Amino acid sequence: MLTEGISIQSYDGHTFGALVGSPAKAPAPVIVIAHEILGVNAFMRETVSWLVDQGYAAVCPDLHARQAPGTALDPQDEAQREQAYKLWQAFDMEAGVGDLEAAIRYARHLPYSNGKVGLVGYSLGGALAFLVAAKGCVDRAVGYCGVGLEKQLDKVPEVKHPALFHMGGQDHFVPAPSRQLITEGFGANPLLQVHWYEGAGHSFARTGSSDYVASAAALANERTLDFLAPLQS
């Protein structure tokens, strides 16, 4: 689902929609949400609503718009998971970062903005959140369950503002050696935090997932809100 009429234009003239949640009160910091491989779906709707309830405005851009506008896949359906994996395989990460940078610029200019913008990414969005933190577009970045972080360690010293990462300890995408590489690499830059959730799998914070772990999701989410709170006026 996207908000009708919202259109954000990127570096190369590509435009895309977004689901937008205005804040309960103005002004407010704005959180750009980088979605999973499944697009702007029920979990994104829940995430916008949650951040609005917590004193933010939120903007979830349609990152699959270069491939197919309005992707909103339900992870309960095998056919829809299959379409998501096909979209991910083809997804241009660099163009994703560009679209997120455009969404952040859009977020800064919203009429109720207090001048501060954060980014929170899940899955696909978690890996994009690290890349955006390296570019420095945002005031604070958060990434849940990003894949392939161990292949981006050269970017650790590029991070110049705080970024927080939540990672499952039983995430098959991040096996023991990868976890070790990420832990040692990220540890060199005190602007970064990486927290591991022992006993929790890849989608431990996604409501409805068979991977969901309430205790872990609760702790990660509490940490996220405490990390974002300094952006509030």
# chains A, B, ... in the order shown; residues from 1 in each chain; ligands from 1
>>> residues_around(residues="range 204-214 of chain A", least_positions_apart="6", cutoff="8 Å", atoms="only C-alpha atoms", output="PyMOL selection string")
chain A and resi 43+168+220
>>> closest_residue(among="A:107, A:90, A:84, A:137", to="residue 7 in chain A", atoms="only C-alpha atoms")
A:107
>>> select_by_dssp(residues="chain A", states="strand (DSSP E)", output="NGL selection string")
:A and (8-9 or 15-16 or 18-21 or 28-34 or 57-61 or 113-122 or 140-144 or 163-168 or 192-197)
>>> closest_residue(among="A:131, A:181, A:57, A:223", to="residue 116 in chain A", atoms="only C-alpha atoms")
A:57
>>> atom_distance(atom1="CA of residue 200 in chain A", atom2="CA of residue 169 in chain A")
5.6 Å
>>> select_by_dssp(residues="range 82-197 of chain A", states="alpha helix (DSSP H)", output="VMD selection string")
chain A and resid 82 to 90 93 to 108 124 to 135 176 to 187
>>> closest_residue(among="A:150, A:85, A:60, A:33", to="residue 20 in chain A", atoms="only C-alpha atoms")
A:60
>>> closest_residue(among="A:217, A:34, A:191, A:231", to="residue 143 in chain A", atoms="only C-alpha atoms")
A:34
>>> residues_around(residues="residue 135 in chain A", least_positions_apart="3", cutoff="9 Å", atoms="only C-alpha atoms", output="list in words")
residues 97, 101, 130, 131, 132, 138, 158, 159 and 160 of chain A
>>> residues_around(residues="range 66-71 of chain A", least_positions_apart="3", cutoff="8 Å", atoms="only C-alpha atoms", output="PyMOL selection string")
chain A and resi 1-2+14+16-17+38-41+62-63+87
>>> write_last_selection(atoms="N, CA, C and O atoms", output="PDB file, in the first residue's frame")
ATOM      1  N   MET A   1       0.882  -1.240   0.000  1.00  0.00           N
ATOM      2  CA  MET A   1       0.000   0.000   0.000  1.00  0.00           C
ATOM      3  C   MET A   1       0.887   1.246   0.000  1.00  0.00           C
ATOM      4  O   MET A   1       1.952   1.244   0.646  1.00  0.00           O
ATOM      5  N   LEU A   2       0.508   2.265  -0.789  1.00  0.00           N
ATOM      6  CA  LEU A   2       1.241   3.545  -0.820  1.00  0.00           C
ATOM      7  C   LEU A   2       0.248   4.651  -0.583  1.00  0.00           C
ATOM      8  O   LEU A   2      -0.973   4.465  -0.759  1.00  0.00           O
ATOM      9  N   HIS A  14      14.132   9.038 -12.072  1.00  0.00           N
ATOM     10  CA  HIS A  14      13.170   7.951 -11.663  1.00  0.00           C
ATOM     11  C   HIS A  14      12.324   8.473 -10.528  1.00  0.00           C
ATOM     12  O   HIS A  14      12.880   9.018  -9.560  1.00  0.00           O
ATOM     13  N   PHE A  16       9.161   7.565  -7.565  1.00  0.00           N
ATOM     14  CA  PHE A  16       8.555   6.431  -6.862  1.00  0.00           C
ATOM     15  C   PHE A  16       7.643   6.910  -5.753  1.00  0.00           C
ATOM     16  O   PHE A  16       7.768   8.016  -5.253  1.00  0.00           O
ATOM     17  N   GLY A  17       6.692   6.054  -5.381  1.00  0.00           N
ATOM     18  CA  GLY A  17       5.741   6.406  -4.334  1.00  0.00           C
ATOM     19  C   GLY A  17       6.230   5.991  -2.964  1.00  0.00           C
ATOM     20  O   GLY A  17       7.397   5.535  -2.803  1.00  0.00           O
ATOM     21  N   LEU A  38      10.041  -7.862   0.435  1.00  0.00           N
ATOM     22  CA  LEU A  38       8.611  -8.039   0.146  1.00  0.00           C
ATOM     23  C   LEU A  38       7.864  -6.743  -0.205  1.00  0.00           C
ATOM     24  O   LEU A  38       6.681  -6.797  -0.580  1.00  0.00           O
ATOM     25  N   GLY A  39       8.534  -5.596  -0.133  1.00  0.00           N
ATOM     26  CA  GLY A  39       7.888  -4.332  -0.545  1.00  0.00           C
ATOM     27  C   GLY A  39       7.103  -3.691   0.569  1.00  0.00           C
ATOM     28  O   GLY A  39       7.295  -3.981   1.758  1.00  0.00           O
ATOM     29  N   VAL A  40       6.201  -2.802   0.193  1.00  0.00           N
ATOM     30  CA  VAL A  40       5.498  -2.010   1.202  1.00  0.00           C
ATOM     31  C   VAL A  40       4.213  -2.732   1.594  1.00  0.00           C
ATOM     32  O   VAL A  40       3.155  -2.543   0.978  1.00  0.00           O
ATOM     33  N   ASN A  41       4.325  -3.582   2.607  1.00  0.00           N
ATOM     34  CA  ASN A  41       3.286  -4.537   2.891  1.00  0.00           C
ATOM     35  C   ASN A  41       2.754  -4.342   4.301  1.00  0.00           C
ATOM     36  O   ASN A  41       2.947  -3.255   4.873  1.00  0.00           O
ATOM     37  N   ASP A  62       8.804   3.230  -2.083  1.00  0.00           N
ATOM     38  CA  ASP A  62       8.611   2.033  -2.881  1.00  0.00           C
ATOM     39  C   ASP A  62       9.923   1.734  -3.638  1.00  0.00           C
ATOM     40  O   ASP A  62      10.133   2.243  -4.741  1.00  0.00           O
ATOM     41  N   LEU A  63      10.804   0.904  -3.042  1.00  0.00           N
ATOM     42  CA  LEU A  63      12.146   0.685  -3.579  1.00  0.00           C
ATOM     43  C   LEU A  63      12.099  -0.235  -4.808  1.00  0.00           C
ATOM     44  O   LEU A  63      13.041  -0.250  -5.636  1.00  0.00           O
ATOM     45  N   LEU A  87      12.620 -10.576  -7.291  1.00  0.00           N
ATOM     46  CA  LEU A  87      12.905  -9.133  -7.195  1.00  0.00           C
ATOM     47  C   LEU A  87      14.250  -8.865  -6.480  1.00  0.00           C
ATOM     48  O   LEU A  87      15.032  -8.006  -6.915  1.00  0.00           O
TER      49      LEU A  87
END
>>> closest_residue(among="A:147, A:52, A:134, A:119", to="residue 37 in chain A", atoms="only C-alpha atoms")
A:147
>>> residues_around(residues="residue 145 in chain A", least_positions_apart="2", cutoff="6 Å", atoms="only C-alpha atoms", output="NGL selection string")
:A and (123 or 126 or 167)
>>> closest_residue(among="A:56, A:6, A:11, A:49", to="residue 225 in chain A", atoms="only C-alpha atoms")
A:56
